[PDB]
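Below sits a lone chain in structure tokens, taken as the form deposited in one PDB entry.
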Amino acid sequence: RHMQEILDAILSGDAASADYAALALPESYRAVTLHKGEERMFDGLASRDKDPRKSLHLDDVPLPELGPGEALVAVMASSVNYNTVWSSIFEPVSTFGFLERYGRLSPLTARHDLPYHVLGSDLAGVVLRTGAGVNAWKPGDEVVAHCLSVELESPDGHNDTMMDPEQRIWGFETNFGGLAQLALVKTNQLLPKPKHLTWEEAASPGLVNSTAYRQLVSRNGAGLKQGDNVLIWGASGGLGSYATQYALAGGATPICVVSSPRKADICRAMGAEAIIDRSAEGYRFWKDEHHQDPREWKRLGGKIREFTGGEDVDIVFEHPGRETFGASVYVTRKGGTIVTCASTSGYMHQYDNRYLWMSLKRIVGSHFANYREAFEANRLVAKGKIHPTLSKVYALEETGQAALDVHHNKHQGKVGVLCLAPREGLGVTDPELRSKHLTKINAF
């Protein structure tokens, strides 16, 4: 296989950029895919019962044509994200509809409109080739990716690229995603691989880390400062765990909300101390399908003050949505910020505007990250200030099982997938920094 020659070049210690340029490209690559004819195979069934092992295929697919500003990457490792799982169960809607509609725009966008969809929105690996107009990345460069795909033809994004109107999430609204031996990305998705991490560790933070960085640290989100009290929902999950790391690393105090004592112990292993178990507390913020219970908002706030010395939180890091959002608005301090990047329990939010207007509060929407924020989030990983949260790794063959585990919230850490890497534990080229941070790296 030409593929074997690529992997052998990576696993050797020695290959120079010209050696990568001179390698023959394979004529196919192994990829985890969805099949267009199966869009409706889950109809009438409840979301919890839909089994991603039944919809995810392991196929050999041809390589796509490389366009300007793009790179073909040999993928050593990837990860499973929530968006991958939703895609794998054809929810909220099949991902093919957008591929087909976008494909009408031009021959280039038509490349993605195929009868199969290669999924995955994280990656760590090695650049094999770059298209026209690219100078900043070369064959051989070790990379991770962020998943924002923006064209930047509209002016709207030129003061923060999340404002670009023509926006796709790579591996979700794009083909040729990361759960595969090769991937196609824009070069403005590439970031330098942290050298103290293995391939699977380096591929794990991207999507959730960068989302939490924009949402909590950056000026485009909550603009955290040291001393702040931060209420963090779901603090042991992917997102919430990065939020907790950001709160502690920036000199602030996270108030961690979890659902079980073992999740509380995960929060403690990250160094949090104020942890609220909402299952043990029994918060019922909604008394109806339609009405909430302000008494319970107030009980949450009192609990928070037990940990803060009577202070209300400066920031709420929201993403459960409707179930918690009314409480989040109520408990926030006068002048404070509720920052939201998801609505996992429901997107129709309801809140008492008296608390927001009369106390000068603010609800700020945030959505993954611009290239600078993604670079900054990954830089904090590379400096050893933020650590990966891997809790289990699967082989590419096993991605269906991996997706299930995420679907059923089976692990608290990230679930990684080896793609071309033949085993865990490869890729580290800074052993000193890794030794410095080893216990934290392995905490999950």
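Heads up: residue numbers just count along the shown sequence, starting at 1. Take the two forms, find the largest set of C-alpha atoms that superpose within 1.5 Å, and that set is the rigid core.
Below, we turn to the form deposited in another entry, even though it does not appear here.
Compared between the shown form and the other one on the core, the listed residues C341, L72, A272, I89 keep their C-alpha shifts below 2 Å, save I89. After superposition on the rigid core, the Cα atom of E100 is displaced by 2 Å or more between the shown form and the other one. With the core held fixed, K383 shows a CA shift below 2 Å between the shown form and the other one.
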